[PDB]
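One chain is shown next in structure tokens, namely the form deposited in one PDB entry.
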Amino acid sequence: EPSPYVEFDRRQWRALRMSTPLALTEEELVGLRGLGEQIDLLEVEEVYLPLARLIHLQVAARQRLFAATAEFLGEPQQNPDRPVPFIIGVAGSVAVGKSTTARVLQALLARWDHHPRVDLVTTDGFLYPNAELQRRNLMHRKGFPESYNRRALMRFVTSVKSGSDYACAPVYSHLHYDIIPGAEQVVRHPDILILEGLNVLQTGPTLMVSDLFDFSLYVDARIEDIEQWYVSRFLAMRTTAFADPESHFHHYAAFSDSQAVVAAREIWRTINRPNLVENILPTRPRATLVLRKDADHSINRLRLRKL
């Protein structure tokens, strides 16, 4: 039976690096790595370097597409130093590593030959502010599609992709667990924009950011491993993030192991798991590349859309 997809193991995937140079130190890697992530330079070589090659092939080809349409329209012909921005989505559960995957990809792409402006935007910035989530009764549904300003998000990406000189995104504080009054992240005609968040691959009765992606990544694992990663990170954060007395979640710092395991499982149960099953996981079939992790965080399997 034919298939839109081709499966790979790590063996088969890493043979597709060919000549791609590794342009990243073990220290540089460390500063991109998230708490509890296991990615090392081997993973970068065997997994991210083929990915970066695939993308660089598709960038140039994807630009022929937009050029056909401008030829058709009888249009100027595009300043070769403002091409149509290549837009990359990165999706997956809370805790699955997707933020690391995206920072790593940005660093690999920024170090490609001619130094492309490669911007990274997470959807956190487009969450409704808490006072607005309260109004909507959504303070316990952060991460659910409806907790985001999806219209503002779509505007932002439509602005960038349509060639705008600048586009602004709001900024979320993880310390305060709320949007920061007055803060802007300003994206300036980048060559590549990576957009990272839980539900970025969603589709619906309107045109959405997924409809603008030229390439998409989904970072996957079994649900039970993700929960284990999530709980263990919650426990770890008792002495990193929760320890700051300003942290919205400071009360958690003084939880016993067992108490924190109880809190963490409840949050997973009531918020993150439902979101993953109801909203995120149904977007996986469309991702261009699914990156499949084993219980140790290791990417050992891959699924590429060839159609």
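From 1 onward, residues are counted along the sequence shown. Under this definition, the rigid core comprises the largest set of C-alpha atoms superposing within 1.5 Å between the forms.
Omitted from view is the form deposited in another entry, to which the following refers.
- Once both forms are overlaid on the rigid core, the distance between the two CA positions of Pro274 between the shown form and the other one is under 2 angstroms.
- With the core held fixed, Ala295 shows a CA shift below 2 Å between the shown form and the other one.
- Superposed on the core, the two forms differ at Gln78: its CA moves 2 Å or more between the shown form and the other one.
- Cα-Cα spacing of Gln38 to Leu109 is reduced in the other form versus the present form (difference of at least 3 Å).
- Compared with the form shown here, the Cα atoms of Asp119 and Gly34 sit 3 Å or more closer together in the other form.
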